[PDB]
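**Q** run08.tsv is reproduced below (TSV, N, CA and C atoms).
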```tsv
chain	number	residue	atom	x	y	z
J	423	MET	N	263.39	52.74	143.24
J	423	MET	CA	263.65	52.89	144.67
J	423	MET	C	262.35	52.97	145.45
J	424	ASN	N	262.24	52.13	146.47
J	424	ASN	CA	261.08	52.09	147.33
J	424	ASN	C	261.27	53.02	148.53
J	425	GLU	N	260.74	54.24	148.42
J	425	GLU	CA	260.88	55.24	149.47
J	425	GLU	C	259.86	55.00	150.57
J	426	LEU	N	260.34	54.90	151.81
J	426	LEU	CA	259.48	54.54	152.93
J	426	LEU	C	259.18	55.73	153.83
J	427	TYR	N	257.93	55.81	154.26
J	427	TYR	CA	257.52	56.80	155.26
J	427	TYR	C	257.69	56.20	156.65
J	428	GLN	N	257.74	57.07	157.66
J	428	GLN	CA	257.74	56.64	159.05
J	428	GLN	C	256.58	57.30	159.77
J	429	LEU	N	255.75	56.48	160.42
J	429	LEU	CA	254.63	56.99	161.19
J	429	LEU	C	254.89	56.92	162.69
J	430	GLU	N	254.27	57.84	163.41
J	430	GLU	CA	254.36	57.87	164.87
J	430	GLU	C	253.36	56.89	165.47
J	431	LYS	N	253.73	56.30	166.60
J	431	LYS	CA	252.87	55.35	167.29
J	431	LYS	C	251.85	56.07	168.17
J	432	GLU	N	252.14	57.32	168.51
J	432	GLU	CA	251.25	58.14	169.32
J	432	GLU	C	251.14	59.53	168.72
J	433	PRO	N	250.08	60.27	169.07
J	433	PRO	CA	249.93	61.65	168.59
J	433	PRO	C	251.14	62.52	168.92
J	434	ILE	N	251.47	63.43	168.01
J	434	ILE	CA	252.55	64.38	168.21
J	434	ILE	C	252.02	65.52	169.07
J	435	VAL	N	252.62	65.72	170.24
J	435	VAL	CA	252.16	66.75	171.15
J	435	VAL	C	252.35	68.13	170.52
J	436	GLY	N	251.29	68.93	170.54
J	436	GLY	CA	251.35	70.29	170.04
J	436	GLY	C	251.07	70.43	168.55
J	437	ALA	N	251.03	69.31	167.84
J	437	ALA	CA	250.76	69.33	166.41
J	437	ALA	C	249.27	69.46	166.14
J	438	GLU	N	248.93	70.07	165.02
J	438	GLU	CA	247.53	70.20	164.61
J	438	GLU	C	246.97	68.82	164.29
J	439	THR	N	245.79	68.53	164.82
J	439	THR	CA	245.11	67.27	164.54
J	439	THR	C	243.97	67.50	163.56
J	440	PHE	N	244.08	66.88	162.39
J	440	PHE	CA	243.05	66.96	161.37
J	440	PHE	C	242.11	65.76	161.49
J	441	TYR	N	240.82	66.03	161.69
J	441	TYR	CA	239.82	64.97	161.61
J	441	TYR	C	239.25	64.99	160.20
J	442	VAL	N	239.65	64.02	159.39
J	442	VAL	CA	239.34	64.04	157.97
J	442	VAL	C	238.20	63.08	157.64
J	443	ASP	N	237.43	63.44	156.62
J	443	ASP	CA	236.31	62.62	156.18
J	443	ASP	C	236.06	62.86	154.70
J	444	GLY	N	235.50	61.85	154.05
J	444	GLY	CA	235.12	61.97	152.66
J	444	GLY	C	234.02	60.99	152.34
J	445	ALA	N	233.17	61.36	151.39
J	445	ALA	CA	232.08	60.51	150.97
J	445	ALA	C	231.67	60.88	149.55
J	446	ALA	N	231.29	59.87	148.78
J	446	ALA	CA	230.83	60.08	147.41
J	446	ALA	C	229.51	59.35	147.18
J	447	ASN	N	228.50	60.12	146.80
J	447	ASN	CA	227.20	59.57	146.46
J	447	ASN	C	227.32	58.60	145.28
J	448	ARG	N	226.90	57.37	145.50
J	448	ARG	CA	227.09	56.30	144.53
J	448	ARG	C	226.35	56.54	143.22
J	449	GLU	N	225.35	57.41	143.24
J	449	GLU	CA	224.52	57.65	142.07
J	449	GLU	C	225.04	58.79	141.20
J	450	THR	N	225.47	59.88	141.84
J	450	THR	CA	225.89	61.07	141.11
J	450	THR	C	227.39	61.07	140.81
J	451	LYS	N	228.14	60.22	141.50
J	451	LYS	CA	229.60	60.21	141.38
J	451	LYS	C	230.20	61.53	141.87
J	452	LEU	N	229.40	62.31	142.59
J	452	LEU	CA	229.88	63.56	143.18
J	452	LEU	C	230.25	63.32	144.64
J	453	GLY	N	231.48	63.68	145.00
J	453	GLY	CA	231.96	63.46	146.35
J	453	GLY	C	232.51	64.72	146.99
J	454	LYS	N	232.56	64.71	148.32
J	454	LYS	CA	233.15	65.79	149.09
J	454	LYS	C	234.19	65.22	150.05
J	455	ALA	N	235.36	65.84	150.08
J	455	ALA	CA	236.41	65.47	151.02
J	455	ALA	C	236.78	66.71	151.81
J	456	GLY	N	237.17	66.53	153.06
J	456	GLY	CA	237.49	67.67	153.89
J	456	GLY	C	237.97	67.31	155.28
J	457	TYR	N	238.14	68.34	156.11
J	457	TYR	CA	238.63	68.15	157.46
J	457	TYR	C	238.16	69.26	158.38
J	458	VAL	N	238.17	68.96	159.67
J	458	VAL	CA	238.10	69.96	160.72
J	458	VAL	C	239.31	69.68	161.59
J	459	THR	N	239.98	70.73	162.06
J	459	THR	CA	241.15	70.54	162.92
J	459	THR	C	240.88	71.08	164.32
J	460	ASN	N	241.69	70.63	165.27
J	460	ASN	CA	241.56	71.07	166.66
J	460	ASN	C	241.80	72.57	166.80
J	461	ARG	N	242.55	73.14	165.85
J	461	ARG	CA	242.84	74.57	165.87
J	461	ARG	C	241.77	75.38	165.14
J	462	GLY	N	240.64	74.74	164.86
J	462	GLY	CA	239.47	75.44	164.35
J	462	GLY	C	239.51	75.75	162.86
J	463	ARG	N	240.40	75.10	162.13
J	463	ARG	CA	240.43	75.24	160.67
J	463	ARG	C	239.52	74.19	160.05
J	464	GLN	N	238.86	74.57	158.96
J	464	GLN	CA	237.95	73.67	158.26
J	464	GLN	C	238.01	73.89	156.76
J	465	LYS	N	238.06	72.79	156.01
J	465	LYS	CA	238.02	72.85	154.56
J	465	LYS	C	237.19	71.71	154.00
J	466	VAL	N	236.42	72.02	152.97
J	466	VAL	CA	235.61	71.04	152.26
J	466	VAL	C	235.79	71.30	150.78
J	467	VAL	N	236.29	70.30	150.06
J	467	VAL	CA	236.45	70.40	148.62
J	467	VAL	C	235.50	69.44	147.94
J	468	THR	N	235.15	69.76	146.70
J	468	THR	CA	234.27	68.92	145.91
J	468	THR	C	235.07	68.28	144.78
J	469	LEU	N	234.73	67.03	144.49
J	469	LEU	CA	235.43	66.25	143.48
J	469	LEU	C	234.44	65.77	142.44
J	470	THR	N	234.81	65.91	141.18
J	470	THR	CA	233.95	65.50	140.08
J	470	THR	C	234.34	64.11	139.58
J	471	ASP	N	233.33	63.27	139.37
J	471	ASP	CA	233.53	61.92	138.86
J	471	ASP	C	234.45	61.13	139.78
J	472	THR	N	233.96	60.82	140.98
J	472	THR	CA	234.78	60.20	142.01
J	472	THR	C	234.03	59.08	142.73
J	473	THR	N	234.76	58.36	143.57
J	473	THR	CA	234.22	57.23	144.31
J	473	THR	C	234.49	57.43	145.80
J	474	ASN	N	233.81	56.67	146.64
J	474	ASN	CA	234.01	56.75	148.09
J	474	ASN	C	235.48	56.58	148.47
J	475	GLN	N	236.12	55.59	147.85
J	475	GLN	CA	237.51	55.26	148.16
J	475	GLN	C	238.44	56.43	147.85
J	476	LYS	N	238.20	57.08	146.72
J	476	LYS	CA	239.03	58.19	146.28
J	476	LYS	C	238.86	59.45	147.14
J	477	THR	N	237.62	59.73	147.56
J	477	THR	CA	237.36	60.91	148.38
J	477	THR	C	237.96	60.76	149.77
J	478	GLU	N	237.89	59.54	150.31
J	478	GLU	CA	238.47	59.28	151.62
J	478	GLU	C	239.99	59.46	151.58
J	479	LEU	N	240.61	59.01	150.49
J	479	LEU	CA	242.04	59.21	150.30
J	479	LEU	C	242.34	60.69	150.08
J	480	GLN	N	241.44	61.37	149.38
J	480	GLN	CA	241.61	62.78	149.09
J	480	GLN	C	241.61	63.61	150.37
J	481	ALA	N	240.75	63.24	151.31
J	481	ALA	CA	240.64	63.96	152.57
J	481	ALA	C	241.97	63.91	153.33
J	482	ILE	N	242.64	62.77	153.26
J	482	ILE	CA	243.95	62.61	153.90
J	482	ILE	C	244.98	63.46	153.18
J	483	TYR	N	244.92	63.44	151.85
J	483	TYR	CA	245.84	64.21	151.03
J	483	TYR	C	245.73	65.70	151.33
J	484	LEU	N	244.50	66.19	151.46
J	484	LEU	CA	244.25	67.58	151.80
J	484	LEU	C	244.91	67.94	153.12
J	485	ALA	N	244.72	67.07	154.11
J	485	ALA	CA	245.24	67.31	155.45
J	485	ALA	C	246.76	67.42	155.41
J	486	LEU	N	247.39	66.58	154.59
J	486	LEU	CA	248.84	66.57	154.46
J	486	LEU	C	249.30	67.84	153.77
J	487	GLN	N	248.55	68.24	152.75
J	487	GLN	CA	248.83	69.44	151.98
J	487	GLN	C	248.73	70.72	152.83
J	488	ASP	N	247.68	70.81	153.65
J	488	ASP	CA	247.39	72.03	154.40
J	488	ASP	C	248.05	72.11	155.78
J	489	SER	N	248.72	71.03	156.19
J	489	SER	CA	249.30	70.96	157.53
J	489	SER	C	250.76	71.39	157.53
J	490	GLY	N	251.28	71.68	158.72
J	490	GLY	CA	252.69	71.98	158.89
J	490	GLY	C	253.52	70.71	158.80
J	491	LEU	N	254.78	70.81	159.20
J	491	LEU	CA	255.71	69.70	159.06
J	491	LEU	C	255.46	68.59	160.07
J	492	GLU	N	254.69	68.89	161.11
J	492	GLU	CA	254.25	67.88	162.05
J	492	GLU	C	252.73	67.89	162.07
J	493	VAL	N	252.12	66.71	162.00
J	493	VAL	CA	250.68	66.63	161.85
J	493	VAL	C	250.09	65.31	162.35
J	494	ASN	N	248.95	65.43	163.01
J	494	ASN	CA	248.17	64.28	163.45
J	494	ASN	C	246.94	64.20	162.55
J	495	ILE	N	246.66	63.02	162.00
J	495	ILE	CA	245.50	62.86	161.13
J	495	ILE	C	244.66	61.67	161.56
J	496	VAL	N	243.40	61.95	161.87
J	496	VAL	CA	242.43	60.92	162.23
J	496	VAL	C	241.41	60.79	161.11
J	497	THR	N	241.38	59.61	160.49
J	497	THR	CA	240.42	59.32	159.43
J	497	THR	C	239.32	58.42	159.98
J	498	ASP	N	238.14	58.50	159.37
J	498	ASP	CA	237.03	57.63	159.74
J	498	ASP	C	236.92	56.47	158.75
J	499	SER	N	237.94	56.34	157.90
J	499	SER	CA	237.96	55.32	156.86
J	499	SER	C	239.07	54.32	157.10
J	500	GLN	N	238.67	53.11	157.49
J	500	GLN	CA	239.58	51.99	157.63
J	500	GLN	C	240.26	51.71	156.30
J	501	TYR	N	239.48	51.85	155.23
J	501	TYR	CA	239.92	51.53	153.88
J	501	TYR	C	241.12	52.36	153.46
J	502	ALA	N	241.01	53.68	153.63
J	502	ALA	CA	242.03	54.60	153.17
J	502	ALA	C	243.35	54.34	153.88
J	503	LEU	N	243.27	54.16	155.20
J	503	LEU	CA	244.47	53.93	155.99
J	503	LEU	C	245.07	52.56	155.65
J	504	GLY	N	244.21	51.62	155.30
J	504	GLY	CA	244.65	50.30	154.87
J	504	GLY	C	245.44	50.34	153.57
J	505	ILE	N	244.94	51.09	152.59
J	505	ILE	CA	245.64	51.26	151.32
J	505	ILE	C	247.04	51.82	151.57
J	506	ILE	N	247.12	52.83	152.43
J	506	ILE	CA	248.40	53.48	152.73
J	506	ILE	C	249.36	52.51	153.41
J	507	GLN	N	248.84	51.74	154.36
J	507	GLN	CA	249.63	50.76	155.08
J	507	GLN	C	250.21	49.70	154.14
J	508	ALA	N	249.42	49.31	153.14
J	508	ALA	CA	249.81	48.23	152.23
J	508	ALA	C	250.77	48.70	151.14
J	509	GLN	N	250.88	50.02	150.96
J	509	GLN	CA	251.65	50.58	149.86
J	509	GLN	C	253.12	50.13	149.81
J	510	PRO	N	253.81	50.13	150.97
J	510	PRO	CA	255.22	49.71	150.98
J	510	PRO	C	255.47	48.27	150.54
J	511	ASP	N	254.48	47.39	150.67
J	511	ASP	CA	254.65	45.99	150.31
J	511	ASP	C	254.61	45.80	148.79
J	512	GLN	N	255.74	46.04	148.14
J	512	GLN	CA	255.83	45.92	146.68
J	512	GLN	C	255.52	44.51	146.21
J	513	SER	N	255.92	43.52	147.00
J	513	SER	CA	255.72	42.12	146.63
J	513	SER	C	254.24	41.79	146.54
J	514	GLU	N	253.46	42.31	147.49
J	514	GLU	CA	252.04	41.99	147.52
J	514	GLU	C	251.30	42.67	146.37
J	515	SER	N	251.65	43.92	146.09
J	515	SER	CA	251.03	44.65	145.00
J	515	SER	C	251.34	43.98	143.66
J	516	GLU	N	252.55	43.45	143.53
J	516	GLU	CA	252.94	42.70	142.33
J	516	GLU	C	252.09	41.45	142.19
J	517	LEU	N	252.06	40.65	143.25
J	517	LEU	CA	251.24	39.45	143.32
J	517	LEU	C	249.79	39.74	142.93
J	518	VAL	N	249.22	40.79	143.51
J	518	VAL	CA	247.83	41.15	143.21
J	518	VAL	C	247.68	41.62	141.76
J	519	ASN	N	248.63	42.42	141.27
J	519	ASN	CA	248.59	42.87	139.87
J	519	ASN	C	248.72	41.71	138.89
J	520	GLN	N	249.53	40.72	139.24
J	520	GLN	CA	249.75	39.58	138.36
J	520	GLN	C	248.53	38.66	138.34
J	521	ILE	N	247.83	38.57	139.46
J	521	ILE	CA	246.54	37.89	139.51
J	521	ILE	C	245.57	38.57	138.55
J	522	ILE	N	245.49	39.89	138.63
J	522	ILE	CA	244.55	40.65	137.82
J	522	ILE	C	244.89	40.51	136.34
J	523	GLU	N	246.18	40.53	136.03
J	523	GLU	CA	246.61	40.33	134.66
J	523	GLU	C	246.20	38.94	134.16
J	524	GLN	N	246.35	37.93	135.01
J	524	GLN	CA	245.88	36.59	134.68
J	524	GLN	C	244.38	36.59	134.43
J	525	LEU	N	243.62	37.24	135.31
J	525	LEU	CA	242.17	37.28	135.19
J	525	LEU	C	241.75	37.96	133.88
J	526	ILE	N	242.48	39.00	133.50
J	526	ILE	CA	242.19	39.72	132.27
J	526	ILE	C	242.36	38.82	131.04
J	527	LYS	N	243.36	37.95	131.08
J	527	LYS	CA	243.70	37.14	129.91
J	527	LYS	C	242.86	35.87	129.78
J	528	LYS	N	242.20	35.45	130.86
J	528	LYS	CA	241.33	34.27	130.80
J	528	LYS	C	240.15	34.58	129.88
J	529	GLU	N	239.64	33.56	129.21
J	529	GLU	CA	238.46	33.72	128.37
J	529	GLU	C	237.19	33.72	129.21
J	530	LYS	N	237.15	32.83	130.20
J	530	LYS	CA	236.06	32.78	131.17
J	530	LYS	C	236.60	32.34	132.52
J	531	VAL	N	236.21	33.02	133.59
J	531	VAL	CA	236.62	32.61	134.93
J	531	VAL	C	235.53	32.84	135.99
J	532	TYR	N	235.15	31.74	136.64
J	532	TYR	CA	234.28	31.76	137.79
J	532	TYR	C	235.16	31.80	139.03
J	533	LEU	N	235.05	32.88	139.79
J	533	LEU	CA	235.83	33.05	141.00
J	533	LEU	C	234.88	33.39	142.14
J	534	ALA	N	234.89	32.55	143.17
J	534	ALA	CA	233.88	32.63	144.22
J	534	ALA	C	234.42	32.24	145.58
J	535	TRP	N	233.94	32.93	146.61
J	535	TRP	CA	234.18	32.54	147.98
J	535	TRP	C	233.04	31.64	148.45
J	536	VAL	N	233.39	30.43	148.88
J	536	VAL	CA	232.42	29.49	149.44
J	536	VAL	C	232.85	29.21	150.87
J	537	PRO	N	232.05	29.64	151.87
J	537	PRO	CA	232.52	29.48	153.25
J	537	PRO	C	232.70	28.02	153.67
```
Could I get this file's structure written as structure tokens?
**A**
Amino acid sequence: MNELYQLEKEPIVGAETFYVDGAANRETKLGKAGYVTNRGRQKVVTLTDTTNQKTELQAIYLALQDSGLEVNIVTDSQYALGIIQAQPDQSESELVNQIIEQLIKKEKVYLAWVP
């Protein structure tokens, strides 16, 4: 079963707004994810063996975890919000997974973007 979320087109009036951020140093694999909210709450967690993509997603997860039943979340990561947006499209994820499975089984493959 493909369970779907519903997002608001505008901020929820009166709801806590979490400004979330995350970053992972490419060399140490050590990242920090966290938020500051309009109501003056702040949290910063540390993640071991992580990537930029994962910490940015983690920051959103934290906000969802620590927020009430109504919540506004502003991320500085286009990537994280993009992953979430694409999640409901089961067909696309299948297509992409099947490409990757094909790539795995090839003995040699040159794959390149040529403008």
**Q** Which neighbours of region 471-474 of chain J fall inside 9 Å, counting only C-alpha atoms, when residues of the same chain fewer than 6 positions from it are skipped, and could you give them as a ChimeraX atom specification?
**A** /J:444-448,450-453
**Q** Can you measure CA of residue 433 (chain J) to atom C of residue 460 (chain J) for me? One decimal in Å is fine.
**A**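 Answer for the CA of residue 433 (chain J) to atom C of residue 460 (chain J) separation: 13.7 Å.
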**Q** Which residues come within 6.5 Å of region 480-483 of chain J, counting all atoms listed in the file, excluding same-chain residues fewer than 3 positions away, as a list in words?
**A**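 Residues near the query, excluding close chain neighbours: residues 442, 443, 444, 455, 456, 457, 475, 476, 477, 486, 487 and 488 of chain J.
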**Q** I want to know what sits within 7 Å of residue 439 (chain J), based on all atoms listed in the file, with residues of the same chain fewer than 6 positions away left out; could you give that as a list in words?
**A**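 The filter keeps residues 458, 459, 460, 461, 493, 494, 495 and 496 of chain J.
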**Q** Tell me, in Å to one decimal, how far CA of residue 524 (chain J) is from CA of residue 512 (chain J).
**A** 18.2 Å
**Q** Find the axis-aligned box for region 486-490 of chain J, covering all its listed atoms and adding 3 Å on each side, and write its centre and edge lengths in Å to one decimal as AutoDock Vina command-line options.
**A**
```
--center_x 250.5 --center_y 69.3 --center_z 155.4 --size_x 12.1 --size_y 11.5 --size_z 12.9
```
**Q** Give me, please, the distance in Å between CA of residue 431 (chain J) and CA of residue 504 (chain J), quoted to one decimal.
**A**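 These two atoms are separated by 15.7 Å.
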**Q** Considering only strand (DSSP E or B) as DSSP defines it on the backbone, what residues of chain J qualify? List them as a short mmCIF file (atom, residue, chain, number, x, y, z; two decimals) with N, CA and C atoms, in the coordinates of the input.
**A**
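The result, stored in part.cif:
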```cif
data_model
loop_
_atom_site.label_atom_id
_atom_site.label_comp_id
_atom_site.auth_asym_id
_atom_site.auth_seq_id
_atom_site.Cartn_x
_atom_site.Cartn_y
_atom_site.Cartn_z
N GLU J 438 248.93 70.07 165.02
CA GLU J 438 247.53 70.20 164.61
C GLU J 438 246.97 68.82 164.29
N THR J 439 245.79 68.53 164.82
CA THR J 439 245.11 67.27 164.54
C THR J 439 243.97 67.50 163.56
N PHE J 440 244.08 66.88 162.39
CA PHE J 440 243.05 66.96 161.37
C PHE J 440 242.11 65.76 161.49
N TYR J 441 240.82 66.03 161.69
CA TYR J 441 239.82 64.97 161.61
C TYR J 441 239.25 64.99 160.20
N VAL J 442 239.65 64.02 159.39
CA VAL J 442 239.34 64.04 157.97
C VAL J 442 238.20 63.08 157.64
N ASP J 443 237.43 63.44 156.62
CA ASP J 443 236.31 62.62 156.18
C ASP J 443 236.06 62.86 154.70
N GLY J 444 235.50 61.85 154.05
CA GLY J 444 235.12 61.97 152.66
C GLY J 444 234.02 60.99 152.34
N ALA J 445 233.17 61.36 151.39
CA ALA J 445 232.08 60.51 150.97
C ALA J 445 231.67 60.88 149.55
N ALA J 446 231.29 59.87 148.78
CA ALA J 446 230.83 60.08 147.41
C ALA J 446 229.51 59.35 147.18
N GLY J 453 231.48 63.68 145.00
CA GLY J 453 231.96 63.46 146.35
C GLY J 453 232.51 64.72 146.99
N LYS J 454 232.56 64.71 148.32
CA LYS J 454 233.15 65.79 149.09
C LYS J 454 234.19 65.22 150.05
N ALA J 455 235.36 65.84 150.08
CA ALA J 455 236.41 65.47 151.02
C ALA J 455 236.78 66.71 151.81
N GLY J 456 237.17 66.53 153.06
CA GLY J 456 237.49 67.67 153.89
C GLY J 456 237.97 67.31 155.28
N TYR J 457 238.14 68.34 156.11
CA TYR J 457 238.63 68.15 157.46
C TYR J 457 238.16 69.26 158.38
N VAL J 458 238.17 68.96 159.67
CA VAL J 458 238.10 69.96 160.72
C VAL J 458 239.31 69.68 161.59
N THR J 459 239.98 70.73 162.06
CA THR J 459 241.15 70.54 162.92
C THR J 459 240.88 71.08 164.32
N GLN J 464 238.86 74.57 158.96
CA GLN J 464 237.95 73.67 158.26
C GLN J 464 238.01 73.89 156.76
N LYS J 465 238.06 72.79 156.01
CA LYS J 465 238.02 72.85 154.56
C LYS J 465 237.19 71.71 154.00
N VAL J 466 236.42 72.02 152.97
CA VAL J 466 235.61 71.04 152.26
C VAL J 466 235.79 71.30 150.78
N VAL J 467 236.29 70.30 150.06
CA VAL J 467 236.45 70.40 148.62
C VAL J 467 235.50 69.44 147.94
N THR J 468 235.15 69.76 146.70
CA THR J 468 234.27 68.92 145.91
C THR J 468 235.07 68.28 144.78
N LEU J 469 234.73 67.03 144.49
CA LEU J 469 235.43 66.25 143.48
C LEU J 469 234.44 65.77 142.44
N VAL J 493 252.12 66.71 162.00
CA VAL J 493 250.68 66.63 161.85
C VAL J 493 250.09 65.31 162.35
N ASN J 494 248.95 65.43 163.01
CA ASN J 494 248.17 64.28 163.45
C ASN J 494 246.94 64.20 162.55
N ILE J 495 246.66 63.02 162.00
CA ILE J 495 245.50 62.86 161.13
C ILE J 495 244.66 61.67 161.56
N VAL J 496 243.40 61.95 161.87
CA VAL J 496 242.43 60.92 162.23
C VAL J 496 241.41 60.79 161.11
N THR J 497 241.38 59.61 160.49
CA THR J 497 240.42 59.32 159.43
C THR J 497 239.32 58.42 159.98
#
```
**Q** Can you list, as a PyMOL selection string, all residues belonging to region 439-524 of chain J that DSSP tags as helix (DSSP H, G or I)?
**A** chain J and resi 474-488+500-508+512-524
**Q** Restricting the calculation to only N, CA and C atoms, which member of J:491, J:502, J:533, J:466 is positioned closest to residue 478 (chain J)?
**A**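 Residue with the minimum atom-to-atom distance to residue 478 (chain J): J:502.
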**Q** Report as a short mmCIF file (atom, residue, chain, number, x, y, z; two decimals) with N, CA and C atoms, in the coordinates of the input all protein, DNA and RNA residues lying within 12 Å of residue 427 (chain J), evaluated on only C-alpha atoms, omitting residues in the same chain fewer than 4 positions from it.
**A**
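So the final result, stored in around-v5.cif, reads:
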```
data_model
loop_
_atom_site.label_atom_id
_atom_site.label_comp_id
_atom_site.auth_asym_id
_atom_site.auth_seq_id
_atom_site.Cartn_x
_atom_site.Cartn_y
_atom_site.Cartn_z
N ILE J 506 247.12 52.83 152.43
CA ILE J 506 248.40 53.48 152.73
C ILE J 506 249.36 52.51 153.41
N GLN J 507 248.84 51.74 154.36
CA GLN J 507 249.63 50.76 155.08
C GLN J 507 250.21 49.70 154.14
N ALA J 508 249.42 49.31 153.14
CA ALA J 508 249.81 48.23 152.23
C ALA J 508 250.77 48.70 151.14
N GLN J 509 250.88 50.02 150.96
CA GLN J 509 251.65 50.58 149.86
C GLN J 509 253.12 50.13 149.81
N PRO J 510 253.81 50.13 150.97
CA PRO J 510 255.22 49.71 150.98
C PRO J 510 255.47 48.27 150.54
#
```
